[PDB]
Amino acid sequence: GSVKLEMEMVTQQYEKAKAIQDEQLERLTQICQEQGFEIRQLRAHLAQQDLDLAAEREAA
Amino acid sequence: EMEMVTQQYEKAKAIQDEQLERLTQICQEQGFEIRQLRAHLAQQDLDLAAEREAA
């Protein structure tokens, strides 16, 4: 093969590898975002349940 | 010039790897926080059942 074909192939391989790395970063980002959402929901539930516990204590 | 390009390449690679490691640590710390929040939620469910039972 010519030098230009070899240049194209090394460039394509490099860019494919770069894309895979970017995909891994994006997957980590999505995991962190879903965990953040779950944390906010768990905190909301904890706060509400503190209110429910107070209601039962005052009813007793 | 090629040697200089390779050194610049490797320094940038090290910075990127460090960033990836920090993201991994952030995700693991969130995992720890989630498990703690679930444990606290379960304990508080027990407390609510105890108060309802006392009533």
Side-chain angles (χ1 to χ4, degrees):
Chain A
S2 64
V3 182
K4 260 50 196 184
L5 176 60
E6 254 69 8
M7 283 183 63
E8 178 192 3
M9 296 184 142
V10 303
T11 304
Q12 285 184 22
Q13 193 75 11
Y14 179 90
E15 293 177 349
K16 180 177 184 168
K18 180 179 66 184
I20 294 172
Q21 284 183 340
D22 294 352
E23 186 168 353
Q24 302 321 299
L25 184 94
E26 290 168 348
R27 183 55 197 149
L28 264 189
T29 295
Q30 294 179 9
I31 292 171
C32 290
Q33 287 168 345
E34 293 164 7
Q35 286 183 144
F37 175 84
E38 181 173 0
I39 287 168
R40 289 186 296 271
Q41 295 303 120
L42 289 167
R43 288 180 177 277
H45 284 80
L46 277 170
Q48 176 52 41
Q49 171 180 47
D50 279 334
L51 298 186
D52 297 342
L53 191 58
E56 215 76 44
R57 292 177 185 263
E58 72 183 356
Chain B
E1 189 165 11
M2 282 183 275
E3 180 74 39
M4 298 183 143
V5 162
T6 304
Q7 286 186 23
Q8 290 175 355
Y9 177 88
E10 293 178 349
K11 290 170 182 164
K13 179 188 312 170
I15 293 173
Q16 284 180 222
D17 295 352
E18 188 168 355
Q19 300 320 299
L20 184 91
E21 185 174 11
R22 182 55 197 149
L23 264 190
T24 296
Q25 296 176 9
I26 290 172
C27 291
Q28 289 168 345
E29 291 166 5
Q30 284 184 321
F32 178 85
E33 182 174 3
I34 285 169
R35 287 186 293 272
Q36 293 297 118
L37 293 166
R38 290 180 179 153
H40 190 202
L41 199 65
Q43 179 56 45
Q44 284 189 165
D45 278 333
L46 296 183
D47 298 342
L48 187 54
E51 227 74 42
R52 282 176 188 160
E53 201 87 38

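Throughout, protein chains are lettered first and strands after them, A, B, ... in sequence-line order, and every chain is numbered starting at 1. Worth knowing before you read on, the calculation uses all heavy atoms, side chains too, and leaves out hydrogens, waters and symmetry mates.
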Shortest non-hydrogen separation from A/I31 to B/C27 and the atoms involved: CG2-SG, 4.4 Å
The criterion is salt bridge (charged side-chain N to carboxylate O under 4.0 Å, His left out); which residues satisfy it with A/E38, sequence neighbours excluded? B/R38
What pairs with A/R40 under salt bridge (charged side-chain N to carboxylate O under 4.0 Å, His left out), at least two apart in sequence or on another chain? none
Verify, without hydrogens or angle tests, whether A/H45 (side chain) and A/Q41 (backbone) share a donor-acceptor contact under 3.5 angstrom. yes
When rounded to the nearest 0.5 angstrom, what distance separates OG1 in B/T24 from CG in A/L28? 5.0 Å
Interatomic distance, B/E21 atom CD to B/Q19 atom CD [nearest 0.5 angstrom]: 10.0 Å
Set of residues satisfying side-chain hydrogen bond (donor to acceptor under 3.5 Å, both in side chains) with respect to A/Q30, sequence neighbours excluded: A/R27
Less than 4.5 Å apart, side chain to side chain, heavy atoms only: is that true for A/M9 and A/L5? yes
Check side-chain contact (heavy atoms from CB on, under 4.5 Å) between B/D45 and all other residues, then give those that pass, not counting sequence neighbours. A/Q49
N/O donor to acceptor pairs below 3.5 angstrom from side-chain atoms of residues 10-22 of chain A, sequence neighbours left out:
residue	atom	partner	partner atom	Å
A/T11	OG1	A/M7	O	2.8
A/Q12	NE2	A/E8	OE2	2.5

Return a table of donor-acceptor pairs under 3.5 angstrom between the side chains of residues 46-55 of chain B and protein atoms on other chains or two or more places apart.
residue	atom	partner	partner atom	Å
B/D47	OD1	B/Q43	NE2	2.9
B/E51	OE1	A/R57	NH2	3.2
B/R52	NE	A/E56	OE1	3.2

